[PDB]
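The chain below stands alone and is given in structure tokens; this is the form deposited in one PDB entry.
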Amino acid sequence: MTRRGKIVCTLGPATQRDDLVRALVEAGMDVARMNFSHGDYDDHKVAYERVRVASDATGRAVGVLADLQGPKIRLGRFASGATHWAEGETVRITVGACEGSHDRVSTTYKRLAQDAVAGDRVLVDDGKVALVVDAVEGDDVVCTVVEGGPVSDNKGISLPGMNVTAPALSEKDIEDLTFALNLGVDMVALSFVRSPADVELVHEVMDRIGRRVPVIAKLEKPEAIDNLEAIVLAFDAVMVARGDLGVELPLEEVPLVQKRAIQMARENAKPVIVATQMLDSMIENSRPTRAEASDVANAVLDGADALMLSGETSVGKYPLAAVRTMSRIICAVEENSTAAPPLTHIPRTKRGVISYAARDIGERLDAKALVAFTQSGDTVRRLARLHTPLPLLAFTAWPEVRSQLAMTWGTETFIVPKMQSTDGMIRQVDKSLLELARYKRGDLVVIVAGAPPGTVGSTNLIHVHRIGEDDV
């Protein structure tokens, strides 16, 4: 009926101009990403509020997503500005301070010396240049260049295979998380996730400050894909970072890891975001490459809850066009086929059997919408992963949840009061839906909800009715 798949946009320099955050929202932004690798806390505060004003003004829900940097592992500065590391040369990467020199340059990752051992590979600038550790002589990691090429200030370094010992949250991240939690963000994404235990360190900080939001694990490393199931269960959502996965994994394995992660997320009613290398050409162009449009469309077809724009909106010259184009692709894929990859988990539990039954009933009776009452989102997220073409309307008393459900597939959320009785809950649904030009009296709707209000049995009720069938 409208766009189902959700769009995440990154905020940066390019979205600071007059009424531009609002222009994004109007073009379709559902979640706004605050990237804490860049900007001062003040730039974020001002972006954060511009989103909230835009969300109020337009009426559209917009979640706010705090992206934590994780371990900053990159080159230091060169005195020259740049150099060239040709094959066979010896080079020293040091955890000490030094001036940028062809033969010797610093790294930001202070533990590199203690972690590196003879043999470990060291990749630079998205794996464009590759080195190998010969030995650790004090603060210096002595390497040999295996694949040559140009190198400059502050290029990324990847250490596949190496037993890296940084925690998932740096000291700097804890400050950023704390800031974001107080600022009022709706979700937090953790980078460099390697184990299901990594969520605990985010939860420590949340419980100290006394405020928890959904935590999104970013799938960037092989160790993450090695624990894919345990991670999807321990976190609240996942983000497939294809660029980063492509650096450390076989390139041919990556398209299958994407599909597998998306499937895994849907089986467990967790949201999945697909990020990186989406429409990167639109950083410089008003239109994408054919290859990019195809790639995006396959993310949609793979079953993804949301797709994410990075530089396309954060630094690009065509931020609106990027969002409009992502929308137009998502729509086109959806308008063409209902079908998404089938799920294999058979529902066994009261809440699961009911979610499936509700969808069946709704589809079989040609309902105009599927209404789900929810206190945390769980009940709606269980319906969303089915990719039913029924509009999916969440009704909740907790307004935070409306923002959190911005990143979940096909879902619009309405904020309503706490319900006093089941019959009152039906009356509320009528009231809320009739306010919208979309619905009128006579339209068939399916409601999923709680026995007597605030019951010990959670979701346990399916109710089919036409709007205002009992009004006179």
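Heads up, when I say rigid core I mean the largest set of C-alphas that superpose within 1.5 Å between the two forms. Note that residue numbering follows the sequence shown and begins at 1.
Annotation for 19-27 versus 459-467: the higher mean temperature factor (C-alpha) is found in 19-27.
With 362-370 and 114-122 compared on mean CA B-factor from the PDB entry, the stretch scoring higher is 114-122.
The entry assigns its greatest Cα B factor, within the set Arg266, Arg242, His102, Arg260, to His102.
Among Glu204, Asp186, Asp236, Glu334, the highest C-alpha B-factor in the deposited entry belongs to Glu204. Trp409 sits in the lowest third of its chain by CA B factor, as recorded in the PDB entry. The deposited CA B-factor of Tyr356 belongs to the lowest third of values across its chain. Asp153: CA B factor in the highest third of modelled residues in this chain (values from the PDB entry). The entry lists a Cα temperature factor for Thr396 that places it in the lowest third of the chain's modelled residues.
In this PDB entry, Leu436 carries a Cα temperature factor that places it within the highest third of its chain's modelled residues.
Not pictured, yet referred to below: the form deposited in another entry.
Among the candidates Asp236, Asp280, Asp140, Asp302, the CA atom that moves 2 angstroms or more between this form and the one not shown after core superposition belongs to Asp140 alone. Distance between the C-alpha atoms of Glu200 and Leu112: longer by at least 3 Å in the other entry than in the displayed form.
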